[PDB]
Structure formats: structure tokens, C-alpha cells
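J.:
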Amino acid sequence: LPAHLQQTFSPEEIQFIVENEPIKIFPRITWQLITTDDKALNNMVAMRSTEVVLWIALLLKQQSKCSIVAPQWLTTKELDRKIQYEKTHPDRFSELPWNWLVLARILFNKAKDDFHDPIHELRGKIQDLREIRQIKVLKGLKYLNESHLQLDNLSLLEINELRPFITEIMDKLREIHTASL
Amino acid sequence: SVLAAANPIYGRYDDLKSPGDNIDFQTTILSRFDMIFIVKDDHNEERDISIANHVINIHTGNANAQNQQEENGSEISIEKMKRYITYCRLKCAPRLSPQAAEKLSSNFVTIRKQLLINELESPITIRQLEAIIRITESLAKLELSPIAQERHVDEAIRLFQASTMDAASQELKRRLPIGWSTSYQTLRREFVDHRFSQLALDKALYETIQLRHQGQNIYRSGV
Amino acid sequence: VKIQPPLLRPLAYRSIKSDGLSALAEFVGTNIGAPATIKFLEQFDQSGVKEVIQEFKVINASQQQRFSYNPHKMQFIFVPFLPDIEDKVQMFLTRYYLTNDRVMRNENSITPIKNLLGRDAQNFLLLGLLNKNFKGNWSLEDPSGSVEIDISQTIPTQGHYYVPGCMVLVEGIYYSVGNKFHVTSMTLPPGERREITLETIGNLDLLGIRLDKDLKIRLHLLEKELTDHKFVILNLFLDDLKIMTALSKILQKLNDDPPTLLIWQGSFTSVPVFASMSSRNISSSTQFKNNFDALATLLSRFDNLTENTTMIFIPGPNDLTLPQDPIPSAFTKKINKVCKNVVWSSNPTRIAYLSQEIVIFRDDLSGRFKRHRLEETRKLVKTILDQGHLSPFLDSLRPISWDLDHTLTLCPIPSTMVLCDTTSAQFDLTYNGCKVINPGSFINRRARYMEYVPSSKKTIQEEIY
Amino acid sequence: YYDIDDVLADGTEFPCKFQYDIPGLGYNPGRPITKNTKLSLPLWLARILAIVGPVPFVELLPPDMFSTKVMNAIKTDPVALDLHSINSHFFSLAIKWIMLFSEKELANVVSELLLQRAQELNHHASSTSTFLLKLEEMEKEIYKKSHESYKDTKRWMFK
Amino acid sequence: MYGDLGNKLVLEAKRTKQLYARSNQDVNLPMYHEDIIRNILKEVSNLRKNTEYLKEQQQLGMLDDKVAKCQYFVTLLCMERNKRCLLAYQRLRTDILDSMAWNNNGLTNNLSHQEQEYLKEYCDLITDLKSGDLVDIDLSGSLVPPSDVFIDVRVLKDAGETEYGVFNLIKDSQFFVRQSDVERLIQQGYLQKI
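Residue numbers (PDB author numbering), protein chains in the order written: chain D, 3 to 32, 50 to 200; chain 5, 518 to 582, 584 to 640, 647 to 693, 716 to 739, 741 to 753, 759 to 775; chain B, 10 to 23, 32 to 51, 57 to 66, 80 to 90, 170 to 194, 207 to 233, 266 to 367, 378 to 402, 405 to 490, 502 to 556, 598 to 665, 667 to 688; chain E, 3 to 29, 33 to 58, 68 to 141, 162 to 193; chain C, 1 to 107, 120 to 173, 176 to 208.
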């Protein structure tokens, strides 16, 4: 009986969930895993784009047999327009890849070499936008009452850690209210 | 909380006359204290050599100063003890235990009786009970536990009894009032010169307090 | 034990059938290494592999365990030349606390001595040891103080045997004016039966096998079936022709009927040790050695015995204070060479019976009880069974070895205690289950002895005259 | 029930006087106590004591903890109010009392108080001085959970 | 003062939770206080003995008065209260042992015998379920998801030593090895760094 969390998923568990994400790569080679879901494919041509699940790419990157392409959505100018959109939208939490947090943490571990000067550049941007998002959560969070909760757009990680608070409180509210009848 | 360090008049001789004769005003200040200890000075050659070379090792060659492996094994620091006391005072809420209370109630009777024995045939207050009872929680504050126990409290009886016993402390009668020299040698002689047997002597002999005192002295004196 | 058989299987693999490998994995499973399991497995036709993979007593007083009682936890601990002082101090403490738990099982209250002397008025049935310090100064003692007791105009009960050095119960008042506790009636603390007692011991081991697993009815069944285990009980000297004659007729009756368990009593010699005159060129040692040789000769005269019969030696009061290590090997060398089912038990000893507690102890209890009472047979038995101890006497009377008092403790109640008394007649009576026997003398009873059947618990006397 | 808070919640004594004569005082040697004797009684027993009749067995006098001075005092400035001295079990207790009495107003009051408390308690949650000590039990337990959630989150960021 | 023993025991349970909070989990339950349990039993026994007594006397001198039924109804609740305290106490008391049965199996003495009886049957029962799967589960351990795939572990007082190959456990010697065998040896505490 693990007991933890038990309601929340462990951070490493959600990391285990994001393992399932497919991603494009550039293998060094120029197989037939029978396990479960890949089913693909023939030996790939070197420096050519092919979509593969995350953890296998992590393996190949550990052996340096693949050249990971950087995700196109992650470009500093795009985060600038996001932050722009954020300063003008007190309510909407607009666009997030939703898994992007853990990605960036992992991409900067190894995939850092392929990107063009991410160092001291986007890292600050993601942090800045992250915290402004957190507080905008807090501003909408003061409004909390049954029965609606505005969940709109957020990365799953933060939703998971904030889960115990709101989940355990709202029940009390509903109970006392309905119970009063 | 006040900590005292006195000197009686004339040094070690104050205990050779009557055991009082120390505070010239009165004994009510000591009754308003908690613990009274008397430091003596008895020669023991092994203890004397040990206290000698123990102190030479303190001055020179840092023999007692080994402490670093002791730090590795016991009491790593003084400042550690201070941080621990800060944590200990406000957290625990000590109180005695109900099964241990009847023990102290039966014990205060014995101490007051002890003073009756030394007084009427020849100063305890309830504040003395108040002193006994607080040491229990002090060691409890070390254990950090919220209750008190039987075995955890009775250790204090030894420590307090050690501090106050030093504070308190037809033939014979019409033959030798002083009682000296009239014992088993002379007594065996007198009776000899017809029911006395050496074994019977030690049995029947064992409230003339003279025999008690003689036992303390005349025994190894031989007569 | 914990193991993973899937990990185990490739190791086992280095063809072999799954049934054989699985079977050996299961069987060897209880044995485990750190692991060493590889070393045992590598040591290992199907018949050869199957065989290769496979690879009722008497309690020794000197080799028994030790368990200590804790008043706080009310349980025992894993305790394990001369003993220590702390042991001597904790000796009397353990008796009182065992009796203490026995009182709590029998549910007009419990209060120590200091509490009543702490008071001055009244009314209690105090529990303690009847000691005595001075003339008229009959003291009572618990772990919290002493108090003088008086029996001035007391009409106590018709108890088993009120003796000093015994934990008793007396009702009365303190009256601290003269500070003399008074007695209304002296009574003895009751002892409960062995059934409920063994029910409440828990589920551990008090006899030697760690838990309790006495749930094998085959034990009781086999005893009810195997009448093959018969006991023979015989004071017994060695330097008389009368003894030789008796042994002749006895071995004549034993060469015919093969017995199973011989119980050779104590006192193998009419005289003690401490020789100081070499006039007749001998000593107690040489004489005793020759007596053993004569006994070995009489024993070797008939080889029908020892073929299927086990023997037991018992040291008496005149050999080289309780307990006592047995007779040395130096005087039993020849007998140990000739025979093969001999043993040298301490006095007392216990036979480790799969479902019963048989104890053997030889001494004179009644020869001391008449001279130590304050102011019949059942009284004696009642005393020993109710007190739960073999020696209810002070250590200034009976010097007890500090290490093995636990052995002497009657915790729990035994099944049958063999008490060989040298001053009372022979009997066997029952009292709350523990069958207490007595064989009496052996020579002056015009050559009588006893033979006991454990299954039907029958008791028969056998006499040659 | 098996929740520690349940037996804990029913443990508090409530001063509610009975409507009838009561032989066999459970708390003195009268033996019967005359009607309308106010005595504090545990919530578990006293809860259903008057439920049985159809006249109730207990008057169920209003709680001192629920006094108008208390209720408006809490309506004023929730952040500073100390719930720990007065009960300390409050939300979990008041819900039980309010179920028995069935008033709709103060429920609607207390709920907002709880909301602001939540706001504030989550504000200390990110990582004091003396406030952190006065919080009721339920909020304390949630605080521990939230603390480990964030500690472990940032720790999850690196090693 | 009445259901007071229940308050002390329930409270001790409550503290034992917090005692187990971080903690590290070194949890060795102090003891089973059966003396207090005995006190409960004595009070209930006295109560229901008087209760049955009045229940009999109700046909003679009480004459089934309406007020008399109240005390039965009271003591019944009180009984439930006592019960409730012991139930919950034991349920948590049991639960913590159950957790200790899961975590380190794996792959005391001071506590009351009934617990060990239940414990031994519980562990035997969970081994029965381990026999059922045959999956394999391995359901009691392997709580953390694996990555990636090899790790460097150091020996913790183990020398030693075997699965698939004998690796010759040597005291104070750190290795670089896959998670697999490490999972078994860590259950015995023989490995330290993860």
C-alpha cells in the first residue's frame, strides 16, 4: 500500500506518463521491437526526421545515436508573443503545450547542444511566464466556490501539485451548504 | 534561579564540632533553597594518584583533551546542548504520573520521620517536597515525553536523599555512661567473672543508642 | 523466508525437468544464504538427485536457558564462571514479581508496606516475606520497606505449613503509635491449576523445542498406545551384601521384563568425603571408585539390560547446597564404557516429555518442617504446590546458587514431580492435577521400590520381602 | 466512526439542560436531578439525547462558542481571529451542531471565513510568525500535504 | 472521566500518526496497553451487569418505567463509544503493521501476540496472492518507476555474497549495475547509494 499520494500522482509518475510522448529525431544510422506500440520501422536514413516516443529517444541520445530536432513551437519570439498576450488577458491562460515544463527540463539536460543560444535566454522567459501564470491562477483562485472551477489552460504538473488544496476544500463547502437544507 | 557556592568558617573543621554551626543568621534561607551539598576531603591514595595524573594530563600532553574521538562517540558540542535546551523548554509540558504520586506521599513521611529521629531524642518543609518533585520533570524534559513514570521519577529520591542526609547527620548505662571500652571484650570479661555465649552475644546484643555508636566505632577498636 | 523463484531458476538451470527443479527449489527454499544458497545447490539418475537434494528428552539444569521477568512489560526476554552480585539482588525481586502477576490473575486490594506506614490510621491484607531481624522482631518485606509483625492472640487458618522465608498474606491494622502491625489471621496465597496457567503463558517455549506448538494429539495418542515406556524408581548404597542380594533379585525381575527408564536414586555411599588418615591406604575417592566398579560388575553380570533400556544417575548428598553438578566422569568411566544409555542429571532435573512436565528432585522436606513451624502429607504437597517453589527458605538457611534459581522456579506447574523423601512414608496423591508421589526409603522399608506407568498413571508397589 | 476526528469531535462537552427529571446521574448522589439542570455533555450522547421523545429530552441551550459576540467578531477580520483557543475543533464541530439545529444563515457566514482562511493558508504555503500556531486541525493537515507537494516539486526540478 | 481511557488511547493513536509523519519510517509501535483495555472491560462488565439486573428487576420493582429505558439507551451508546475507540485504534494499529508487512517483504516483540498471529497469517496470505501472480507480481515492491537502465550503487555492510550470476559482494565497493538485482539487495538494506 504505497499510500502516497494517494490522490495526487507523484511528480516522477507524471514524468512516467509524459514518457509516452512521440517526438521527431535524426538518427546516425543509414530492430522490430515486438513489445507494444512502436511497430515501426525500417532502418532510417541519417540526419532525417522521424517521429519516435520520448524515452527511446532518451536512450538513443544517451548512446548519442540520434540527433534530436528542437520542437518548432519552442522559439523565444513565440514566448514573447505569449507573454504579450498574457499581460493583456487577466482571465485567459491561453496556450501551453501542456507537457512543456518537463520537456524543457529534459531538453536542457541533453538536447541543449542542438538549440541556438537557449542559454540565459529562453530559460528566463519560461520562468518569468511561469510565475506570472501562477499568480494569474491565484487571482482566479480567490473566486473559488461551488460548483464551477475554471480549469482553462495549464500544464498538468502544476495542476497536480495544487490538487489537494482545492479538492479537499470544495467538498467542505458543498457539504455545509447542502447539509444546511 | 539562584546557584550558591559558600565556605563555612574555619574550613574543614566545621564538621568536627556539632554539624550545624554554619550560617550565623538562621537556617530559613537554606529552607528556602532546594539542594544542599557538603563537599568533604578524604584521602584515597589511588583516588589521589588518579586525581593527580588526571590533572597533569589536563595541563600537559592533552591526554584528557582523545576528546575528538569522544566527540565522534559522545556529546559532539556544548552549543549543541544549548540549542537542545532551547528546544526542550517550551515544547514539552511535563506533569507527574498518578501512579507515582502515592510513592512520594509515602516518602515524605519517611523523611519527616528521619528528622524526628535525629531531633526529638537529641530543616524540612514542604518546599523540600517541591524540590524533589521538579527534578522529575527535568529528566523528563530530557526524554521529551509528556508523561512521567514510576522508574523515571524514583531516581530523584537517590539524588535528594544524598543532599539532605548530610544535612541531618542496663549494664552499659549504669556501668559506662560514655560506653567506650566496656564492650564485648570487657563485657565478655564482666559477664564471665553465665548465660553469655559469643554467638549469643552478637545475637541478643544486635533503644540504647550507645550500642549503635559503639558499633560504628568500638567494633574495629576491638573493645 | 523470502526468495524469488524466477531468479532462482536460471541458476538452477546450469537438461533438468521443471518438476525436479521446482521441487528442489521449494524444499531448499526454507534454507537460505546471505546468498550461500549457490554453495549448497552446487553440491547437489533422478533417484540420486532426489536423495542428494534432501541434505522426547531430559532437561539439563546446567544447560538450560534463562528468562527474566519484567514487571513493566509482564513478559520474558531472551536472556542468554561464577555469577554476579546484581543477580543476587534481582533473585528475590523476581520471585515477588512472579507471585505479583499470580495475584493479579486471582483479581480487598493491593498496596505496598510504605504506603501503610506512610499513613497512621486504618486495615489491609498485606503480601510479603516472613523474615525476622531481632528477638520478637518478625519483619515482613516487599520491595518498598519493612514492618514489624505481631501475632498477639491470633487465630489463623489451618494452613498447609506456615514457615519463615515464605510469602504469605496477613490481615490487620498498622497502628503506628507502637509501630506494630497486627495479624488477624495468617493465610497462604492460593495457587491455581496448571490448565489455565499454561493457557495464559502465551505462545512461546518454556520447555525446549521460538513459539508454543503443543497441538499434536498424536503425542497423547501415542502415550495412550505406547505402554513400552515404563519407569523404574528405586536411597541406595553400594558397600553391602544386602544391596547386592537386592540387586540380584531385582535384576532377576528385570532380566525377564525389559524395563525402559531406570531411575537410580542418590546417596551411593554410607560415608562422606574429607579423608585425613592414610592408615588403611585408602580414601573416600578410591573407595567410591571401587564401589562404582563393583556396581559395574553387578551391572555387567546381566547383559539383557541397556540393550533397549535407558538409565539415569542421581547424585546424592554425599558426593564431590542446591543445585549441584553431577558425579564426575572419573568415577563412571568403566560404567560409561560398558553401557551406552546412561545419563548424569543434576538434582533436581526435568524430563522433557513431548506433552508432559515430569520433574525429579531428591531431598528431605519433612525432616525440616517439624522444626521450623511458627506455632499431613497433603499439607506438605499443598505447601510445595501452592508456593510454586522447591526451596521456600531464606538463603541464609539454604545457600542457593545465583545463576540457576530459574531452574528451581516452578513456572509452570509440572505434570508429575518425583520427590524422593528419605524420612516420610511412601505415597502418591493428587491435588489440583499435579500428581505428587513419594517412594519413601528403599532398604529399611524391608526392600521396597516403585514402578510407574505414565499413560494410565498407575502406581504399584513392588517388594521382595 | 473510524475517523479520529469523529470521536474527537464528539468528545467535546456541551451545556444543554434536560427537559425532564433524570434519575441516575452519570456525573452528585441525589440520586435524581431536577429538570432544566444545565450540564456540559458530549456531542455524541447529547446529539441524539433530545432526538428521542415527541417532546425532546433536552432543551439544547445555544452554544457559548456560537455567541453573537463570537460570530460577529469572526465576521470582522478573519485573518487575525484565533480559533485554536475557543474550541479548537470548529468547522468540523459547527457542521455537526448546525446539522442538529438546522440554521441556514451562519453556515453562509462561516463559509466565506473558511474561504479567506484558505486564501491566506495557501499564501503561507509557498516557501512566519505566530499565526501558523492558531490554525485548526484540518487546515494543518492540508498544510503539511501542500508543503511536501511544493518541496518535492522544486526538488523534482533538480535531483 | 468516564470514556476517558478511550480518549487517552485514541489520542495516542493520533500522536502515533504524527510520530509516523515524515518520519523517516522507523515506526516501532511502543506497546499495547492492555491494562487500560482491562479497565474498559471492567467498566462495561459492571455497567451491563447492572443493566441486566435492572432489566430483570423491571418486572418487579421498576415496573418498566419510561425513564428507566433511558439508561439502557445511554449505556448502549457509551458501549459503542468504547467499542468505536478500540476498533479505530486497532484498525490503525493493524494498518501500520500491514504497511510494515508490505514495504520490506522483501523479496516487534513488545507488541501483543494477537497482532503477530494476524501478521503471520497476513504475510502468508499475501504470499498466497504472490503465488497467484504468476504475472509476475512483485506487487509489494518496485514502487518507483525505472530509469535509465543502469545505476551506480555502493555496498552497505554486505560481504557476501548471486541471481543469474554470482557477483561476489564486497564490503565498501561501489558498482555500476542495472536496477534489477539492486532491487532485491536493497530489500535487505545491503546496498546504499541509489
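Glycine included, C-beta positions come from ideal geometry on N, C-alpha and C.
Considering only the beta carbon of each residue, do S343 (chain B) and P314 (chain B) sit closer than 8 Å?
T.: Residue mapping note: residue 343 (chain B) aligns to position 185 of the third sequence, counting from 1. Residue mapping note: residue 314 (chain B) aligns to position 156 of the third sequence, counting from 1. Yes, Cβ-Cβ distance for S343 (chain B) and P314 (chain B) is below 8 Å.
J.: Taking C-beta pairs closer than 7 Å, name the residues in chain 5 that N273 (chain B) reaches, listed in chain order.
T.: Sequence index remark: in the third sequence, residue 273 (chain B) carries index 115 (1-based). Within chain 5, the residues near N273 (chain B) are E620 and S624.
J.: How close, in whole Å, do the beta carbons of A445 (chain B) and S454 (chain B) come, if the pair is a contact with beta carbons under 8 Å?
T.: Here residue 445 (chain B) refers to the residue found at position 275 of the third sequence. Here residue 454 (chain B) refers to the residue found at position 284 of the third sequence. The Cβ separation is near 5 Å, so the contact holds.
J.: Quick one: what's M344 (chain B) bridged to in DSSP?
T.: By one-based count along the third sequence, residue 344 (chain B) stands at place 186. Paired residue(s): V328 (chain B).
J.: Measure how close the beta-carbons of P485 (chain B) and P507 (chain B) come, nearest whole angstrom, since I'm counting them as under 8 Å.
T.: Working through the third sequence from its first residue, we reach residue 485 (chain B) at position 315. Working through the third sequence from its first residue, we reach residue 507 (chain B) at position 326. That belief holds up - the Cβ atoms of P485 (chain B) and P507 (chain B) are roughly 5 Å apart, short of 8 Å.
J.: Taking CB distances under 8 Å as the criterion, tell me whether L77 (chain D) reaches chain C.
T.: The residue given as residue 77 (chain D) occupies position 58 in the first sequence. So, interface residue.
J.: Count the other CB atoms within 10 Å of the CB of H135 (chain D); is the residue buried (16 or more) or exposed (fewer)?
T.: The residue labelled residue 135 (chain D) in the question sits at position 116 within the first sequence. Exposed.
J.: With DSSP as the reference, please indicate the residues paired to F66 (chain B) in a beta bridge.
T.: Counting from 1 along the third sequence, the entry for residue 66 (chain B) is found at position 44. BP columns for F66 (chain B) are empty, so no partner.
J.: Based on the DSSP secondary-structure assignment, which residues constitute the bridge partners of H611 (chain B)?
T.: Start at 1 with the first residue of the third sequence, and residue 611 (chain B) comes out as number 389. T631 (chain B).
J.: How about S174 (chain D) and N118 (chain D): do their beta carbons lie closer than 8 Å?
T.: Here residue 174 (chain D) refers to the residue found at position 155 of the first sequence. Here residue 118 (chain D) refers to the residue found at position 99 of the first sequence. Their beta carbons are under 8 Å apart, which means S174 (chain D) touches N118 (chain D) by this criterion.
J.: Looking at the strands, I want to know which residues DSSP matches up with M639 (chain B).
T.: Position 417 of the third sequence holds residue 639 (chain B). For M639 (chain B), which the question treats as bridged, DSSP gives the partners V540 (chain B) and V658 (chain B).
J.: How is the beta strand (DSSP E) around residue 33 (chain D) delimited, first residue to last?
T.: A gap in chain D, from 32 straight to 50, means residue 33 (chain D) has no coordinates in the model shown.
J.: For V441 (chain B), name the three-state secondary structure that DSSP assigns.
T.: Along the third sequence, one-based indexing puts residue 441 (chain B) at 271. Coil, per DSSP.
J.: If we cut at 8 Å on Cβ distances, does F184 (chain D) have a partner in chain E?
T.: For the purposes of this step, residue 184 (chain D) is taken as the residue at position 165 of the first sequence. So, interface residue.
J.: Using 8 Å as the threshold, is the stretch 135-151 of chain D in touch with the stretch 117-136 of chain E, meaning 3 or more CB pairs across them?
T.: With a cut-off of 8 Å, the stretch 117-136 of chain E and the stretch 135-151 of chain D do not count as touching, because too few Cβ pairs lie within range.
J.: Give me the Cα-Cα distance between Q768 (chain 5) and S729 (chain 5), rounded to the nearest whole angstrom.
T.: The sequence position of residue 768 (chain 5) within the second sequence is 216, counting from 1. The sequence position of residue 729 (chain 5) within the second sequence is 183, counting from 1. Cα to Cα, the separation comes out at about 12 Å.
J.: Which residue wins for smallest C-alpha separation from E556 (chain B), given the options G83 (chain B), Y320 (chain B), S297 (chain B) and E233 (chain B)?
T.: In the third sequence, counting from the first residue as 1, residue 556 (chain B) sits at position 375. Answer by Cα proximity: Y320 (chain B).
J.: Any Cβ of chain D within less than 8 Å of the Cβ of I6 (chain E)?
T.: If you number the fourth sequence from 1, residue 6 (chain E) lands on position 4. Taking Cβ atoms only, chain D never reaches closer than 8 Å to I6 (chain E), which makes this a no.
J.: Please confirm whether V196 (chain C) and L183 (chain C) have their CB atoms less than 8 Å apart.
T.: Counting from one through the fifth sequence, the residue named residue 196 (chain C) turns up at place 182. Counting from one through the fifth sequence, the residue named residue 183 (chain C) turns up at place 169. The answer is no: Cβ separation not under 8 Å.
J.: Check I553 (chain 5) in the structure and name its three-state DSSP category.
T.: As a first step, residue 553 (chain 5) must be located in the second sequence, where it is residue number 36. Reduced to three states, the DSSP call for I553 (chain 5) is coil.
J.: For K26 (chain D), which three-state DSSP category applies?
T.: Taking the first sequence and counting its residues from 1, the one referred to as residue 26 (chain D) is at position 24. DSSP places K26 (chain D) in strand when its eight states are reduced to three.
J.: For the stretch 405-482 of chain B, which segments carrying the beta strand (DSSP E) assignment without a break, of at least 3 residues, lie completely within its bounds, in sequence order?
T.: Entirely contained in the stretch 405-482 of chain B, the beta strand (DSSP E) runs reaching 3 residues are, in chain order, 431-433.
J.: Take the Cβ of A751 (chain 5) as the centre, count every other Cβ of all protein chains shown within 10 Å, and call the residue buried at 16 or more, exposed below.
T.: Here the question's residue 751 (chain 5) lines up with position 204 in the second sequence. Counting Cβ neighbours within 10 Å, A751 (chain 5) comes out exposed, since fewer than 16 surround it.
J.: Any idea if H167 (chain D) is buried or exposed, counting beta-carbon neighbours within 10 angstroms, 16 or more meaning buried?
T.: Here residue 167 (chain D) refers to the residue found at position 148 when the first sequence is read from its first residue. Looking at its Cβ environment, which holds fewer than 16 other Cβ atoms inside 10 Å, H167 (chain D) is exposed.
J.: Helix or strand or just coil, what does DSSP make of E593 (chain 5)?
T.: For the purposes of this step, residue 593 (chain 5) is taken as the residue at position 75 of the second sequence. In this structure, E593 (chain 5) counts as coil in the three-state DSSP scheme.
J.: Under a Cβ-count criterion, where at least 16 other Cβ atoms within 10 Å of its own Cβ denotes burial, should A175 (chain B) be classed as buried or exposed?
T.: Position 61 of the third sequence holds residue 175 (chain B). When all chains shown are included, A175 (chain B) counts as buried.
J.: Against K14 (chain C), what residues of chain E qualify as contacts under a CB-to-CB distance less than 8 Å, listed in chain order?
T.: Position 14 of the fifth sequence holds residue 14 (chain C). Under the 8 Å cutoff, chain E gives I6 and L10.
J.: I'd like the span of the alpha helix (DSSP H) that includes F20 (chain E), first residue to last.
T.: Counted from its first residue, the fourth sequence places residue 20 (chain E) at position 18. Looking at the DSSP string, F20 (chain E) is not in any alpha helix (DSSP H), and its letter there is neither H nor E.
J.: Just checking my contact of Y675 (chain B) with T682 (chain B) at CB under 8 Å: how many whole Å lie between their CB atoms?
T.: Here residue 675 (chain B) refers to the residue found at position 452 when the third sequence is read from its first residue. Here residue 682 (chain B) refers to the residue found at position 459 when the third sequence is read from its first residue. Going by Cβ atoms, the distance from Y675 (chain B) to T682 (chain B) rounds to 6 Å, so yes, they are a contact pair.
J.: For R630 (chain 5), which of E620 (chain 5), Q652 (chain 5), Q617 (chain 5) and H676 (chain 5) has the nearest alpha-carbon?
T.: Here residue 630 (chain 5) refers to the residue found at position 112 of the second sequence. For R630 (chain 5), the nearest C-alpha among the options comes from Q652 (chain 5).
J.: Run the CB neighbour count on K142 (chain C), radius 10 Å, all protein chains shown included, and call it buried at 16 or more, exposed below.
T.: Numbered from 1 along the fifth sequence, position 130 holds the residue referred to as residue 142 (chain C). When all chains shown are included, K142 (chain C) counts as buried.
J.: For a test of the three-state rule: what should DSSP assign to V400 (chain B), helix, strand or coil?
T.: What you label residue 400 (chain B) is simply residue 232 of the third sequence in a count that begins at 1. Strand, per DSSP.
J.: Please state the DSSP three-state secondary structure of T644 (chain B).
T.: As a position in the third sequence, residue 644 (chain B) is number 422, starting the count at 1. Three-state DSSP puts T644 (chain B) in coil, outside helix and strand.
J.: Any beta carbon from chain D within less than 8 Å of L166 (chain E)'s own beta carbon?
T.: As a working note, residue 166 (chain E) is residue 132 in the fourth sequence. Not one chain D Cβ lies under 8 Å of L166 (chain E).
J.: Would you check if the distance between the CB atom of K40 (chain E) and the CB atom of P17 (chain E) is smaller than 8 Å?
T.: Residue mapping note: residue 40 (chain E) aligns to position 35 of the fourth sequence, counting from 1. Residue mapping note: residue 17 (chain E) aligns to position 15 of the fourth sequence, counting from 1. Not in contact: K40 (chain E) and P17 (chain E) (Cβ atoms no closer than 8 Å).
J.: Looking at chain D, is there any beta carbon in it that lies within less than 8 Å of the beta carbon of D150 (chain C)?
T.: Locating residue 150 (chain C) in the fifth sequence gives position 138, counting from the first residue. Output row for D150 (chain C): interface = no.
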